[PDB]
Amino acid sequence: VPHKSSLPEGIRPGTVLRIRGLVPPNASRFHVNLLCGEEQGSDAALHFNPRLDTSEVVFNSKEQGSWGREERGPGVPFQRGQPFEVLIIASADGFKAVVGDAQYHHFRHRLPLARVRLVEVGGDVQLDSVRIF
C-alpha cells in the first residue's frame, strides 16, 4: 500500500521524513516523492528512487512534466528482502538522505522548499511506518 499524505502547511528547514520498511524480494524500484500538489503529474521538489533492478539510487526534480538532471548516490544501500530506514531531512540548502546509519546523499534544492505540499511513498516497498517530524 502506498503512502500519500498532504502537507498543507508545507515543510521548513528542520523537517524530517522517516521511512521504515522492507524491500520485497522481487522488488524493482520504489520512490519517495515530495510533490507541489495532489494533481496528476505535479511538480516534484524531490524524487528519491532506489532502483534494485538497475543497482542505482536516482534523485531528481520535475517541473512542467520535465525531469531535471539526475543525481545518483554512491552505491545502493538497499537489498531485496531486507528492511531499511531512510531519513529525508530538509535544510535551507537541500535534502539530506540518510540510509541506515550514514548520510547517503545531499540533494540541493531546485524548487523552493515552500513548494512542497505532499509526500508520496510508493513502488515496490512494504511500509512499516512513515512519519513527518
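Start at 1 with the first residue shown and count on from there.
Asker: If you average the CA temperature factors over each stretch, which comes out higher, 70-78 or 35-43?
Answerer: So the stretch with the higher mean C-alpha B-factor is 35-43.
Asker: With reference to the PDB entry, specify whether the mean Cα temperature factor is higher for 61-69 or for 47-55.
Answerer: Per the deposited B-factors, the answer is 61-69.
Asker: Report the option among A102, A90, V86, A27 whose CA atom has the maximum B-factor in the deposited record.
Answerer: The record points to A102.
Asker: Looking at the C-alpha B-factor of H109, is it in the lowest, middle or highest third of its chain?
Answerer: It belongs to the middle third of the chain when residues are ordered by C-alpha B-factor.
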